[PDB]
Structure formats: structure tokens, C-alpha cells
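This document starts with one chain, in the form deposited in one PDB entry, laid out as C-alpha cells.
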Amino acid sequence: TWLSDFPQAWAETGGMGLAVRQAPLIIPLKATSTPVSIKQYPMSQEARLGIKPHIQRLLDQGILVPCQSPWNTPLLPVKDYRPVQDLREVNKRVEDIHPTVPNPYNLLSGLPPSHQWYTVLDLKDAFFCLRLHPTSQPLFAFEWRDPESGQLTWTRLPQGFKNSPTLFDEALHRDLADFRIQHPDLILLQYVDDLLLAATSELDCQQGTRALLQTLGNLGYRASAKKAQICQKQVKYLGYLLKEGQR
């Protein structure tokens, strides 16, 4: 089984990821920025009870930690509840970086007709695999209370932060550089957390996929076994249907 053969590589069996080779990220501020503390709009009990289990899981996982910070941004009061942080005022104060993630159209142009056997993997909770340096953690604080009050913040690259997709894409590229060198006859397309591996034959695709899963797992990333498309001549990738070299 693809599952049993690579327990470490799958989110379902390997536990929450952590990119062990990647240094905790420091997030540079713009030259003139100072902290902004935005009050939390009062949240209804219904919303709070909805969000609570997610917050607790993240705390248990060490992805959230208590803190006291001069920064504060709101969680959405209406957000099937899940916590969404409005990081816009933080984003405005963070120094911009060059956008290096290719658009899907251009990314797909690197797929040759010679390689028509596909594996598509998506990494689960990808941003959370990247640690934030403790110096940058306070930037992302928000308020949490459970009547029956303090701030929490993220110890990993957060959702809603303007640079997360680019920083993740760049980190995974660094981590997969050797894989590319070891497998010169495979095509690997990276779009943040969405990966396409393409091979000349079913066999090469099988061996390539084994090697990619082993590598991802070893590095601390986790792919979704449920959504995995393995060694197919027809796959869905980035909203396209990849079929016989078309699209």
C-alpha cells in the first residue's frame, strides 16, 4: 500500500509536520513600522464555542502559545466555525518581498509531452510546517478568552500573512533541490503546497513517487493521502485536467 509503505509521508499517519531543515523565519518590518493593537470585536458564544476546539488543538500542538504582545489583530466573529485572523494591519507593516511563485499557467508550460504519467500531492497544513523565529512571533498575536483573558500567538508561519505562500514555496524549493538533482529525468512542479511529479513511464512514476514521499516525510512535510493522485495518466492539478499532455 502507498499508505503503509510511507507512514511518515502522509498527514493521516505521520503526525503534524515540521520542516526540520528550515531555520525559524525572521519577518522583517518596514523601516517605519511600529506595533498596532487592534481591539477584538466581541465574539458571540456560538462563534467562540465553534472556534474553541481548533484553538485547543493548536495549543496542544504547540502551534499556538500564550504571549503578551504590543501587536494584536482580530479573529473574525462570524468566520462550521474555524478561526480566521485579519492580518491586514500587520501585512501593511511588513517589508515586501519579491513574488517568486509562478502563476499556474507559466508553471504548467514546463510540462513536456514526453512525461505523461502523473502523481499529484498536496501538503497538509503546509505553512504550519515552517517555524517562526521567536522574535517574529509577537507580530501575529490575537486575543483569546474562555470565561468558564489573554493573547495567543503563532509559532509557525500563519494563515492570512501576505508572505506565507512565497516563503513556503521558497522553503520547499530549498528542501527539494537535492531530490531534483537525484532524479534528473523526473519533472517536478511546485505551486506552494500543490505538487505535480511527471514521468516518462508508469514504472518511473512509481519509483519517483516513492522517492518523493520518502523525501517529503524525512524533511518533515506531510501529504494528504485522501486526496493523493498516484501514478495516473489523468490528474487534476491547479484546476486543470491533465490528460494526454493537454492543458
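Here the rigid core means the biggest group of C-alpha atoms that line up within 1.5 Å when the two forms are laid on top of each other. Sequential numbering from 1, following the sequence displayed.
Although not depicted, the form deposited in another entry is the subject of the following passage.
K.L.:
Which residue, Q68, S201, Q45, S37, is displaced 2 Å or more at the Cα between this form and the one not shown after superposing the core?
P.N.:
Residue with a C-alpha shift of 2 Å or more: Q45.
K.L.:
After the core is overlaid between this form and the one not shown, has the C-alpha of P138 moved by 2 angstroms or more?
P.N.:
Moves: no, less than 2 Å.
K.L.:
If you line up the core, does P165 shift 2 angstroms or more at its C-alpha between this form and the one not shown?
P.N.:
No, shifts by less than 2 Å.
K.L.:
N103: after superposing the rigid core, is there a C-alpha shift of 2 Å or more between this form and the one not shown?
P.N.:
It does, since the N103 C-alpha is displaced 2 Å or more between this form and the one not shown after the core fit.
K.L.:
Specify closer or farther for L87 and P102: how their Cα atoms are spaced in that other deposited form versus the shown form, given a shift of 3 angstroms or more.
P.N.:
Residues separate in that other deposited form, at least 3 Å farther apart.
K.L.:
Pin down for me whether the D178-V101 Cα distance shrinks or grows in that other deposited form relative to this form (closer or farther, change of 3 Å or more).
P.N.:
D178 and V101 sit closer together in that other deposited form.
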